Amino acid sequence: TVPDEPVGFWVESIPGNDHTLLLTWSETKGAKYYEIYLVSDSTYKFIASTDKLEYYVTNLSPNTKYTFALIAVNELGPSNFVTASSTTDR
């Protein structure tokens, strides 16, 4: 089957850094990789694909609320999307 939807998707600050966010999520049944999107103007814009359980999104603007969407993917297809948000507030 396609993978489960990831859970525990969190967007975390990096201490003293207002240009980066650390995304993390749980290990997901069936997942061969994960794909991350930025939710921008109520559309999804590709950011990265990874086989890890975390990803640093860099070159962000300070004082901005960012929302991301995450899927898990295998050969059969993707899971549903899950979202999470945080800010780069100084």
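Start at 1 and count along the sequence shown; that's the residue number.
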Regarding 3-11 and 81-89, which shows the higher C-alpha temperature factor on average in the entry? 81-89
48-56 or 34-42, whichever carries the higher mean Cα B-factor: 34-42
Out of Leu76, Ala69, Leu21, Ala72, highest CA B-factor residue: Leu76
Could you say whether, by C-alpha temperature factor, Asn63 belongs to the lowest, middle or highest third of its chain? highest
